[PDB]
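For reference, the structure is listed below as structure tokens.
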Number of protein chains: 2
Amino acid sequence: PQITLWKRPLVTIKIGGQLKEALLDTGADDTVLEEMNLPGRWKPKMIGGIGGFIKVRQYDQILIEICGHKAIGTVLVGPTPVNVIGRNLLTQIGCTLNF
Amino acid sequence: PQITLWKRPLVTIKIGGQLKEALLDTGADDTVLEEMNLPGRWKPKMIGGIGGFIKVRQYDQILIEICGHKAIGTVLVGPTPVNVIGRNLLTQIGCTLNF
Ligand SMILES: CCOP(=O)(COc1ccc(C[C@H](NC(=O)O[C@H]2CO[C@H]3OCC[C@H]32)[C@H](O)CN(C[C@@H](C)CC)S(=O)(=O)c2ccc3c(c2)OCO3)cc1)OCC
């Protein structure tokens with residue numbers, strides 16, 4: 001599909017057996033999701049943007065489905081104000097910018 | 001052009017007659033550039049990112065060319081970690097997400 005950018009590019013994702021809403025974010029290197037108690041091990045990480053850094057938990061080899069497109073990769077979990085799908089997963093679903 | 005996302009979608013922009021590098025950022029509502037000198041009036045504003053809020057200078061109706069495509073819109077100047085082109089200008093140049 002084609003998503004215009006008049007409004008926030010919000011889509012439904014499936015992760016850890018749950019459905020959530022997330023932004024398709026070409027400015028995000030990594031994927032950052034709201035607090036959720038995913039199973040398994042993790043590693044601490046800090047990520048920075050406008051306003052500074054937040055602390056997140058890095059989970060690897062996580063399965064996510066985005067608009068029926070499956071992907072598997074690293075997900076960062078923490079007190080982010082918004083769920084963002086970053087380039088690590090956008091590439092896997094074949095997402096491009098076009099103008 | 002069609003831009004894949006294996007690397008950051010960085011492009012050259014021209015603003016205030018000066019060339020800069022900026023990130024096409026579908027997760028940003030607004031366009032935020034690092035500290036620079038711009039001609040014209042401005043108003044102080046606050047914007048919030050992943051780590052908190054920052055103070056910026058709001059310049060309205062600014063000419064800015066993005067990868068060969070002209071826009072005229074609002075540009076925020078302040079302590080952003082990187083120059084980001086937000087949806088307010090991505091829409092002007094006809095940019096969409098596609099997968
Ligand atoms: C519920 C209240 O929300 P809120 O206002 C904040 O909400 C939002 C916060 C963040 C975003 C996404 C963020 N957009 C953003 O900053 O846009 C600004 C300007 O336009 C406005 O529109 C939305 C906010 C304003 C970028 O797309 C992506 N970022 C990096 C980018 C700056 C390049 C360095 S990143 O998120 O930091 C990030 C993601 C993955 C990573 C990483 C860093 O490093 C490793 O992987 C969207 C909405 O609370 C205030 C505390």
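Chain lettering (A, B, ...) mirrors the order of the structure tokens, residue numbering begins at 1 for each chain separately, and ligand numbering begins at 1 in order of display.
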
With only C-alpha atoms considered, list every residue of chain B at most 6 Å from chain A, as an mmCIF file with C-alpha atoms, in the first residue's frame.
data_model
loop_
_atom_site.group_PDB
_atom_site.id
_atom_site.type_symbol
_atom_site.label_atom_id
_atom_site.label_comp_id
_atom_site.auth_asym_id
_atom_site.auth_seq_id
_atom_site.Cartn_x
_atom_site.Cartn_y
_atom_site.Cartn_z
ATOM 1 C CA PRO B 1 13.187 9.182 -6.297
ATOM 2 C CA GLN B 2 12.524 5.933 -4.434
ATOM 3 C CA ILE B 3 14.561 5.697 -1.229
ATOM 4 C CA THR B 4 15.185 2.445 0.628
ATOM 5 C CA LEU B 5 15.841 2.417 4.362
ATOM 6 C CA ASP B 25 11.625 11.682 9.202
ATOM 7 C CA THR B 26 8.070 10.375 8.877
ATOM 8 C CA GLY B 27 7.856 10.168 12.688
ATOM 9 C CA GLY B 49 10.560 14.435 21.462
ATOM 10 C CA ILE B 50 11.412 11.022 22.866
ATOM 11 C CA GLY B 51 13.468 12.434 25.749
ATOM 12 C CA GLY B 52 11.479 15.523 26.682
ATOM 13 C CA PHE B 53 10.821 19.068 25.498
ATOM 14 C CA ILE B 54 13.184 21.650 24.005
ATOM 15 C CA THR B 80 17.902 18.902 17.946
ATOM 16 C CA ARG B 87 5.597 15.708 7.686
ATOM 17 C CA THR B 91 3.638 16.417 2.272
ATOM 18 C CA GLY B 94 4.701 14.698 -2.420
ATOM 19 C CA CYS B 95 6.447 12.148 -0.228
ATOM 20 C CA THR B 96 4.657 8.898 0.639
ATOM 21 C CA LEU B 97 5.495 5.634 2.341
ATOM 22 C CA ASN B 98 5.112 2.546 0.182
ATOM 23 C CA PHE B 99 5.424 -1.170 0.822
#

- Which residues in chain A does DSSP call strand (DSSP E or B)? List them as a ChimeraX atom specification. /A:2-3,10-15,18-24,32-33,43-49,52-66,69-77,84-85,96-98

Write out the residues from the selection above, keeping N, CA and C atoms, as a short mmCIF file (atom, residue, chain, number, x, y, z; two decimals), in the first residue's frame.
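Okay, result.cif is ready:
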data_model
loop_
_atom_site.label_atom_id
_atom_site.label_comp_id
_atom_site.auth_asym_id
_atom_site.auth_seq_id
_atom_site.Cartn_x
_atom_site.Cartn_y
_atom_site.Cartn_z
N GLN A 2 0.16 2.40 -0.17
CA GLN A 2 0.77 3.71 -0.12
C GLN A 2 0.15 4.49 1.02
N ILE A 3 0.99 5.07 1.86
CA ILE A 3 0.54 5.88 2.99
C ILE A 3 0.99 7.31 2.74
N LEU A 10 0.24 5.86 11.35
CA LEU A 10 -0.04 4.88 12.39
C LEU A 10 -0.59 3.60 11.77
N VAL A 11 -0.07 2.46 12.20
CA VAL A 11 -0.54 1.16 11.73
C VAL A 11 -0.66 0.22 12.93
N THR A 12 -1.42 -0.86 12.74
CA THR A 12 -1.54 -1.89 13.76
C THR A 12 -0.38 -2.87 13.62
N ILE A 13 0.22 -3.22 14.75
CA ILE A 13 1.27 -4.23 14.78
C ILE A 13 0.84 -5.35 15.72
N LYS A 14 1.43 -6.52 15.51
CA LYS A 14 1.24 -7.67 16.38
C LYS A 14 2.60 -8.07 16.93
N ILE A 15 2.74 -8.02 18.26
CA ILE A 15 3.99 -8.38 18.92
C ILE A 15 3.68 -9.05 20.25
N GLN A 18 0.16 -9.63 21.22
CA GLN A 18 -0.67 -8.45 21.47
C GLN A 18 -0.72 -7.58 20.22
N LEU A 19 -1.83 -6.85 20.08
CA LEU A 19 -1.98 -5.86 19.02
C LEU A 19 -1.77 -4.47 19.61
N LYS A 20 -0.94 -3.67 18.94
CA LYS A 20 -0.67 -2.30 19.35
C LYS A 20 -0.69 -1.40 18.13
N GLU A 21 -0.63 -0.10 18.37
CA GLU A 21 -0.56 0.89 17.30
C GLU A 21 0.82 1.54 17.33
N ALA A 22 1.45 1.66 16.16
CA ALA A 22 2.81 2.17 16.08
C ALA A 22 2.97 3.02 14.83
N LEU A 23 3.94 3.93 14.88
CA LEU A 23 4.29 4.80 13.77
C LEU A 23 5.32 4.14 12.86
N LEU A 24 5.09 4.19 11.55
CA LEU A 24 6.14 3.87 10.59
C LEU A 24 7.07 5.08 10.54
N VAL A 32 11.08 1.10 18.89
CA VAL A 32 10.92 1.45 20.29
C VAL A 32 9.44 1.34 20.63
N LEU A 33 9.11 0.52 21.61
CA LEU A 33 7.72 0.27 21.95
C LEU A 33 7.47 0.55 23.43
N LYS A 43 18.88 -6.71 27.35
CA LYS A 43 20.08 -5.95 27.67
C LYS A 43 19.73 -4.48 27.80
N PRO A 44 20.26 -3.77 28.81
CA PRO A 44 19.96 -2.34 28.93
C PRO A 44 20.54 -1.56 27.77
N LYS A 45 19.84 -0.48 27.41
CA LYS A 45 20.29 0.41 26.34
C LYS A 45 19.74 1.80 26.62
N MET A 46 20.42 2.80 26.05
CA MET A 46 19.99 4.19 26.09
C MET A 46 19.86 4.69 24.66
N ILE A 47 18.76 5.36 24.34
CA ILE A 47 18.56 5.93 23.02
C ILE A 47 18.18 7.39 23.18
N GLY A 48 18.65 8.22 22.26
CA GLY A 48 18.51 9.65 22.37
C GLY A 48 17.73 10.25 21.21
N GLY A 49 17.01 11.32 21.51
CA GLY A 49 16.33 12.09 20.50
C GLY A 49 16.16 13.51 20.96
N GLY A 52 16.63 14.54 24.82
CA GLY A 52 17.60 13.75 25.56
C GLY A 52 17.44 12.26 25.39
N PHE A 53 17.82 11.48 26.40
CA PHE A 53 17.85 10.03 26.32
C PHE A 53 16.83 9.41 27.25
N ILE A 54 16.38 8.20 26.89
CA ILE A 54 15.58 7.37 27.77
C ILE A 54 16.24 6.00 27.89
N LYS A 55 15.92 5.32 28.98
CA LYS A 55 16.41 3.98 29.23
C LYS A 55 15.41 2.98 28.69
N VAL A 56 15.91 1.98 27.96
CA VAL A 56 15.05 0.96 27.36
C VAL A 56 15.68 -0.41 27.55
N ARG A 57 14.86 -1.44 27.39
CA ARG A 57 15.31 -2.82 27.44
C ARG A 57 15.35 -3.36 26.01
N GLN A 58 16.50 -3.89 25.61
CA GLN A 58 16.67 -4.40 24.25
C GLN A 58 16.36 -5.90 24.22
N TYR A 59 15.38 -6.28 23.41
CA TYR A 59 15.05 -7.68 23.15
C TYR A 59 15.41 -8.00 21.70
N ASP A 60 16.03 -9.16 21.49
CA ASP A 60 16.48 -9.55 20.16
C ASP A 60 15.63 -10.69 19.62
N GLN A 61 15.61 -10.81 18.29
CA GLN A 61 14.90 -11.88 17.60
C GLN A 61 13.43 -11.93 18.01
N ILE A 62 12.79 -10.77 17.97
CA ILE A 62 11.38 -10.64 18.30
C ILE A 62 10.58 -10.64 17.01
N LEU A 63 9.51 -11.43 16.97
CA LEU A 63 8.64 -11.50 15.81
C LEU A 63 7.58 -10.41 15.89
N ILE A 64 7.47 -9.61 14.83
CA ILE A 64 6.46 -8.57 14.73
C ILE A 64 5.79 -8.67 13.38
N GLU A 65 4.48 -8.45 13.36
CA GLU A 65 3.72 -8.38 12.12
C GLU A 65 3.19 -6.96 11.97
N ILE A 66 3.38 -6.39 10.78
CA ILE A 66 3.05 -5.00 10.48
C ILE A 66 2.23 -5.00 9.20
N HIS A 69 2.57 -7.97 7.13
CA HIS A 69 3.94 -8.27 6.75
C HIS A 69 4.73 -8.67 7.99
N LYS A 70 5.38 -9.83 7.92
CA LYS A 70 6.10 -10.36 9.06
C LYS A 70 7.53 -9.83 9.07
N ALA A 71 8.06 -9.65 10.27
CA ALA A 71 9.43 -9.22 10.45
C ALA A 71 9.95 -9.81 11.75
N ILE A 72 11.27 -9.84 11.88
CA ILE A 72 11.90 -10.37 13.09
C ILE A 72 13.17 -9.57 13.33
N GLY A 73 13.30 -9.02 14.52
CA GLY A 73 14.46 -8.21 14.81
C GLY A 73 14.44 -7.68 16.22
N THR A 74 15.29 -6.69 16.44
CA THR A 74 15.46 -6.12 17.76
C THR A 74 14.34 -5.13 18.06
N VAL A 75 13.81 -5.22 19.28
CA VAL A 75 12.79 -4.30 19.77
C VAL A 75 13.28 -3.72 21.09
N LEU A 76 13.21 -2.41 21.21
CA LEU A 76 13.53 -1.73 22.46
C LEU A 76 12.23 -1.40 23.18
N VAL A 77 12.18 -1.70 24.47
CA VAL A 77 10.98 -1.50 25.28
C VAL A 77 11.32 -0.54 26.41
N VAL A 84 7.26 3.40 17.86
CA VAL A 84 7.81 3.69 16.54
C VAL A 84 8.41 2.42 15.95
N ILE A 85 8.02 2.13 14.72
CA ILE A 85 8.67 1.09 13.92
C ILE A 85 9.82 1.74 13.17
N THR A 96 9.59 1.88 1.44
CA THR A 96 10.41 2.92 0.85
C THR A 96 9.74 4.28 1.02
N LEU A 97 10.55 5.33 0.88
CA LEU A 97 10.06 6.69 0.71
C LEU A 97 10.05 7.02 -0.77
N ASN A 98 9.01 7.70 -1.22
CA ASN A 98 8.83 7.98 -2.64
C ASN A 98 8.32 9.39 -2.85
#
